[PDB]
2 protein chains.
Amino acid sequence: XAXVXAXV
Amino acid sequence: XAXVXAXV
DNA sequence: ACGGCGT
DNA sequence: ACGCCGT
Ligand SMILES: *C(=O)c1cnc2ccccc2n1
Ligand SMILES: *C(=O)c1cnc2ccccc2n1
Ligand SMILES: *C(=O)c1cnc2ccccc2n1
Ligand SMILES: *C(=O)c1cnc2ccccc2n1
Ligand SMILES: [Mn+2]
Ligand SMILES: [Mn+2]
Ligand SMILES: [Mn+2]
């Protein structure tokens, strides 16, 4: 759920 | 029902 | 009845 | 360096 690199 | 990773 | 990620 | 859900 977090998007820091992927944003799933 | 929500699809945030599975979407059932 | 449902599980996932890359810069 | 990052954590989330509803029909
Ligand atoms: C989002 O909050 C989140 C939490 N855990 C994960 C584990 C594996 C892949 C993606 C994820 N996303
Ligand atoms: C994004 O691509 C990414 C990759 N590795 C991580 C490790 C820890 C926190 C956030 C990250 N984000
Ligand atoms: C969707 O709204 C939803 C709600 N509760 C669940 C529980 C278990 C599996 C899937 C679900 N989906
Ligand atoms: C998606 O794969 C997924 C997995 N675990 C979760 C836990 C809490 C909220 C959303 C989630 N999504
Ligand atoms: Mn699960
Ligand atoms: Mn990775
Ligand atoms: Mn719920």
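Below, chain A is the first sequence line, B the second, and so on; all start at residue 1.
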Of the options [options], whose atoms approach the side-chain atoms of [X] most closely?
X	options	value
B:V4	C:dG6, D:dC2, D:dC5	D:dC5
B:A2	D:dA1, D:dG6, C:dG3	D:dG6
A:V8	C:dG4, C:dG6, D:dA1	C:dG4

